[PDB]
Q: 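Below: one structure in structure tokens.
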2 protein chains.
Amino acid sequence: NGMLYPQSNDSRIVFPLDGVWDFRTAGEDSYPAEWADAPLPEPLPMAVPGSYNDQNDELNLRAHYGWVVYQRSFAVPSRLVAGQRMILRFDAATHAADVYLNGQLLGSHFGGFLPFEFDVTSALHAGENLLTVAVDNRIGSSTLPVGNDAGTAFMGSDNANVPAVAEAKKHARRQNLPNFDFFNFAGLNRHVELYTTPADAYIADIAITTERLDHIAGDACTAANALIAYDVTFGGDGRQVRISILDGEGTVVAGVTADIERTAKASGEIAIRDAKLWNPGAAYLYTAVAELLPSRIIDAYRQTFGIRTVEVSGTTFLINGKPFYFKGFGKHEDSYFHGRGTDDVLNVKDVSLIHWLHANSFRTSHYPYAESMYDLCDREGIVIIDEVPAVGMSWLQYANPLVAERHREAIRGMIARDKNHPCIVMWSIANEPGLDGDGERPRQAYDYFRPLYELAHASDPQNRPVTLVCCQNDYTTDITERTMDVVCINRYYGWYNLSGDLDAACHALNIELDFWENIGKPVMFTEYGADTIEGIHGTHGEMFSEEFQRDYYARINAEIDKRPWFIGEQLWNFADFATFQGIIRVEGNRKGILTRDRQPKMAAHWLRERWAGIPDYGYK
Amino acid sequence: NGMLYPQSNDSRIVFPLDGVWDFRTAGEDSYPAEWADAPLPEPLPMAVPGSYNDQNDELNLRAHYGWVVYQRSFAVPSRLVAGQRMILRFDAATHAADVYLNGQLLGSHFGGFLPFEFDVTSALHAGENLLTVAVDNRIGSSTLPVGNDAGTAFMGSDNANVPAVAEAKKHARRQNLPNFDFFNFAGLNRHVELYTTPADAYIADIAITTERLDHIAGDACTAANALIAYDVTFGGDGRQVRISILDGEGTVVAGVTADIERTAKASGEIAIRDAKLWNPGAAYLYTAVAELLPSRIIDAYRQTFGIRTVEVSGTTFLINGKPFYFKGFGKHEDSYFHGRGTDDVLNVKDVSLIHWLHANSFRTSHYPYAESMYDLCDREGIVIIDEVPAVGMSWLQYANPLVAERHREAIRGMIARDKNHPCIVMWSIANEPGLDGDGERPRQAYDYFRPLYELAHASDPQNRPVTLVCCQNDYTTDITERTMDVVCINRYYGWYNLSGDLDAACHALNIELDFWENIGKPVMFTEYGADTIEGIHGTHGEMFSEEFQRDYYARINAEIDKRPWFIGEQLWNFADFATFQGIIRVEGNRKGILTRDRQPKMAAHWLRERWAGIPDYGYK
Ligand SMILES: CCCCCC[C@@H]1NC[C@@H](O)[C@H](O)[C@H]1C(=O)O
Ligand SMILES: CCCCCC[C@@H]1NC[C@@H](O)[C@H](O)[C@H]1C(=O)O
């Protein structure tokens with residue numbers, strides 16, 4: 001179950017496999033398996049990690065459909081592999097992969113945004129090892145994210161009534177047809193590494209939870225006592241594990257020795273006096289150090305955590321008992337050359353921009369992000385809504401068992417990976433699925449999502465609130481969204497409807513707000529905005545102008561400020577990002593308050609000024 | 001019936017009333033009648049000729065709905081008006097106008113793009129006269145151009161299924177809802193002037209036609225003989241008119257004296273030996289001087305004309321018996337400050353750009369242009385397709401008698417105004433009306449348009465071909481377009497459908513071309529293109545990039561080059577232009593091969609190179 005990030009210490013070593021690999025395109029539905037047996041013929045270079053799509057301008061890899069094959073060689077000293085458990089880890093391969101080592105099929109994985117690993121202890125040998133990775137970019141009615149099996153792309157234009165169009169369509173080059181509004185970047189998007197653990201016995205998983213806070217200070221910087229719980233899982237094979245809690249200075253402030261009982265597990269509680277709490281804009285991190293005992297140490301893992309509680313109470317969202325207000329945006333892992341490839345420089349910069357903006361949060365739209373970003377937000381005090389790639393879903397998917405299982409895999413996987421991060425305060429199990437309509441459609445959606453809501457709660461030891469991000473729909477026939485712990489709505493009044501009429505947009509908004517006022521749940525924006533080309537200006541700003549984007553947030557935010565039960569504003573988007581091409585996408589999605597190069601539009605400055613005056617706690 | 005452009009000579013004088021007028025906005029469906037009786041209170045300045053919408057950044061006049069009121073004073077010497085017929089002419093008031101002089105109602109008008117005039121001989125007085133003009137910008141289901149009585153604008157975004165949206169819309173500020181893709185610029189868009197004629201008898205109209213050419217030279221520069229016909233109409237009351245034909249140097253090369261017969265009218269024929277012909281890229285103009293005889297002259301008018309024939313023969317378009325090929329675009333009267341206001345500096349520049357591009361033609365999409373532009377094209381050898389404002393029409397309009405009458409008014413008005421221009425070779429009676437579908441819809445469309453086709457032929461003494469510009473539709477059920485003299489098609493394969501896939505776009509195009517091949521009419525493009533933001537670049541050009549626009553024309557034009565019956569390529573558009581705001585309009589319509597400031601995008605350079613190698617005559 002556990003997927004702890006690979007760590008180097010006195011018992012463990014990590015060997016990164018990132019760099020410039022060999023690369024070939026393959027077929028729409030196959031690749032030569034014999035490529036795993038020998039070096040790739042006439043290979044291209046391809047940097048790892050990164051999307052492959054924008055790394056070769058001679059080819060049109062954005063138009064590629066089907067398989068590609070990665071390959072490299074590597075060698076490690078025999079004395080290091082000696083007697084160790086050897087694990088090959090892929091942080092992410094988008095969307096599906098077959099992995100070979102020295103011609104042996106290790107196995108396969110579906111899911112483009114979560115890590116997977118293989119025990120390669122027996123497949124390794126001395127000298128050069130040959131690592132071959134086939135990657136499948138194809139999406140469809142059974143994938144998450146959801147693709148279309150025929151027709152158009154998300155908001156795609158057609159003149160189906162023309163006989164000539166209908167015929168040409170049947171003979172067109174086959175392409176991925178996304179039911180989502182972000183480009184299908186594929187490949188080894190995140191790191192690849194080989195790591196070691198002890199073989200006889202090793203720590204397989206660690207879970208830390210904040211169970212109770214006693215007598216929280218007025219400023220919530222401290223609690224008189226904090227009761228935390230640990231749960232350690234072991235693999236391999238009156239054994240014991242030592243748990244030391246390190247404060248921010250490395251001083252051991254608490255420690256217990258727990259017995260391991262066999263599913264080898266050790267669990268218990270630890271009381272910490274005058275515990276320092278983790279808050280938005282004021283992070284504090286402890287380290288839980290677990291050491292497997294035989295004075296010698298068998299195995300060890302250092303797990304960062306933060307002490308904080310999260311509770312939905314009525315129409316309030318309480319972090320350490322204080323009413324929190326979300327200030328932020330949905331993001332994307334998107335940048336010019338890397339595509340969906342992880343880039344720690346960009347992550348560090350983006351975190352600084354969030355502070356510059358005086359935002360305090362974002363959502364991982366529309367997939368779990370690279371693990372390093374959460375670590376970064378843990379230490380920088382930025383709150384996260386963590387979301388699985390369940391985007392583009394409709395009734396066709398709810399009836400599909402493969403989809404249901406892939407959806408369960410993602411929810412359990414995301415939470416298994418991310419459970420220990422204090423910055424994560426809420427889980428999102430889908431973005432804009434079909435939930436409304438007539439007949440049995442609302443009930444069908446509910447019956448699909450309710451067990452996923454329950455699963456997210458069951459999987460998370462911290463028991464954080466669970467939500468589903470709702471598209472702009474008929475909210476009166478939608479019966480699912482209102483049952484979530486927090487109502488998260490995507491609304492584009494004045495952009496996709498009532499276009500350009502801000503008086504009418506605000507009037508319509510207030511009408512839907514009157515509806516939600518009665519539901520009595522806490523409600524927040526997870527999307528709202530307007531496409532905006534930097535440099536377009538007007539004295540009376542029209543759609544696509546910098547001025548209109550500014551006016552838009554000013555008019556909308558003035559309305560939600562009148563609602564005490566309205567607990568957050570996360571806009572769309574942090575920055576312009578790449579999409580499938582189309583008549584409404586001007587070099588991608590331009591709803592960023594920043595450009596793709598992270599430069600601030602007029603609206604960013606206005607938002608920065610507004611957010612500077614809004615406190616993390618007690619705004620409402 | 002005649003609306004000769006006002007002329008100054010020894011019998012006639014023109015007094016221009018252009019300049020900076022007084023101006024007030026008024027109500028959605030009324031204005032204060034006393035504003036005609038006295039100076040406007042607290043007036044704004046408003047230059048005229050010009051649209052009013054972009055002349056005041058303190059107001060949002062683009063959002064204005066209903067009436068505005070113009071006013072100025074003027075005074076002329078009594079000795080000039082004495083014994084003269086006094087006429088006040090409005091070259092254009094968009095869309096409807098009520099005109100007052102000195103508190104007296106002169107009358108009203110509805111056509112927004114054609115001239116109208118009043119006899120003010122008796123309403124004028126000595127000293128300052130007060131001229132008040134109320135202008136109505138409203139469009140709807142009975143106007144040409146066509147507006148929507150409710151709902152949305154063109155290619156407009158909606159979420160009607162949301163209850164909040166439905167309610168807000170019913171309370172929204174009233175706005176014009178166009179069924180066309182160009183902004184509803186309104187006001188005194190063209191010149192205003194007072195002119196004089198003799199009172200007792202005067203020249204009211206002149207029509208010149210090329211009846212026959214005998215033995216045209218091999219280079220079509222001359223004909224051994226040209227038979228031209230004249231028709232002069234008189235107003236007022238053995239009278240005679242002298243008709244002198246002047247060549248380009250002012251030399252009298254022919255002269256006849258004709259008897260006036262009573263609708264007092266004189267008509268006859270004149271033979272011109274070794275006549276110099278008017279051709280695209282090689283214009284030649286004569287002047288017909290008509291002089292009403294009492295050695296004294298009663299009245300006189302100089303009418304410019306050019307000697308050329310136009311004939312559709314099979315799948316060829318013959319000018320002076322030679323097979324012509326259209327190279328060009330649809331235009332707009334559109335510019336940054338003037339709006340739809342006429343600007344002869346811009347007209348002169350645009351004409352030089354047409355030469356720069358090596359284009360030879362354009363269409364007056366989607367309304368008759370200012371008269372000065374046709375004079376310009378007469379002397380510069382650019383061919384024109386002249387079009388009435390019948391845009392946005394569908395079955396709702398075909399059943400409305402008021403629309404039918406306004407449509408007949410526009411066709412007769414356009415042809416009465418423009419009949420003498422040699423540069424005009426074809427008439428267009430609509431742009432993209434609804435023609436297709438099932439049941440009686442194709443037949444209903446046919447029955448509406450056939451008598452308008454016949455009317456256009458009956459109204460034009462030169463009997464030029466008549467067309468109707470057809471939208472991208474179901475060409476198999478459309479029964480109207482294939483009966484026009486030239487088939488003019490607007491096609492957006494690869495933009496609005498098969499988006500971004502030029503292979504599939506060309507495949508679909510060729511399928512429709514296979515259809516038109518058998519119809520046996522000459523066929524041309526009147527629209528095709530792709531929105532393009534200057535400065536957006538890619539190695540593999542996607543939609544909105546300069547490269548994609550270039551690739552688009554390159555792939556499409558290669559296909560039509562294979563069809564001998566395809567006699568012209570007029571793209572969309574000459575230059576970026578203003579539209580109603582919406583999610584597919586990035587600061588207006590960006591399908592220009594030039595920017596709104598008339599700067600060339602990449603495609604313009606490519607098109608210039610292609611057109612440089614295509615001759616006006618004999619390409620096919
Ligand atoms: C109003 C109904 C349509 C709203 C759709 C808004 C879309 N939501 C999900 C995001 O991934 C898209 O980028 C966003 C958009 O298109 O910018
Ligand atoms: C593909 C079927 C619809 C095509 C419509 C294309 C439109 N025709 C008339 C022009 O006035 C518009 O500007 C043009 C467009 O939108 O650029």
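What's counted below: heavy atoms across the whole structure, side chains too, no hydrogens, waters or symmetry copies. Naming: A, B, ... by sequence-line order, numbering from 1 per chain.
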Q: Examine B:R450 relative to B:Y453 and say whether NZ or CZ is less than 6.0 Å from the centre of the six-membered ring and inside a 45° cone about the ring axis.
A: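 Judged by the rule (NZ or CZ under 6.0 Å from the ring centre, within 45° of its axis), B:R450 counts as positioned above B:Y453.
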Q: For the residue pair B:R340 / B:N184, report whether a side-chain donor-acceptor contact shorter than 3.5 Å exists.
A: no
Q: Do B:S51 and B:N53 have side-chain N/O donor and acceptor atoms under 3.5 Å apart?
A: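 Note: B:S51 and B:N53 side chains miss the donor-acceptor criterion.
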Q: Is a side-chain donor-acceptor pair under 3.5 Å present for B:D485 with B:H457?
A: yes
Q: Is it possible for you to check whether B:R585 lies under 6.0 Å from the centre of the six-membered ring of B:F580, through NZ or CZ, and within 45° of that ring's axis?
A: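 Here B:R585 fails the 6.0 Å and 45° test against B:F580.
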Q: Would B:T579 and B:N589 count as having a side-chain donor-acceptor pair, cut-off 3.5 Å?
A: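 No donor-acceptor contact under 3.5 Å links the two side chains.
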Q: Would you say the side chains of B:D344 and B:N347 form a donor-acceptor pair under 3.5 Å?
A: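 Yes - a donor-acceptor pair under 3.5 Å links their side chains.
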Q: Within 45 degrees of the ring normal and closer than 6.0 Å to the centroid, is that where the cationic atom of B:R173 sits relative to B:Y65?
A: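 Output no; distance or angle outside limits.
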Q: Going by atom types only, do B:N490 and B:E432 share a side-chain donor-acceptor pair under 3.5 Å?
A: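 Side chains of B:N490 and B:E432: pair found under 3.5 Å.
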Q: Taking C-beta and beyond as the side chain, do B:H366 and B:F182 meet within less than 4.5 Å on heavy atoms?
A: yes
Q: Would B:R491 count as a cation-pi partner of B:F525, with NZ or CZ less than 6.0 Å from the six-membered ring centre and within 45° of the ring normal?
A: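 No; the conditions do not both hold, so B:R491 does not lie above the ring face of B:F525.
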Q: Just say parallel, tilted or perpendicular for the rings of B:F116 and B:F118, cut-offs at 30° and 60°.
A: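 Aromatic pair B:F116/B:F118 classed perpendicular.
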Q: Does B:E117 use its side chain to pair, donor to acceptor, with the backbone of B:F90 at less than 3.5 Å?
A: no
Q: Does either side chain, that of A:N161 or that of B:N473, offer a donor lying less than 3.5 Å from an acceptor on the other one?
A: no
Q: Looking only at the side chains, is there a donor atom on one of B:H64 and B:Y52 sitting less than 3.5 Å from an acceptor on the other?
A: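 No pair is found: no donor N or O on one side chain lies under 3.5 Å from an acceptor on the other.
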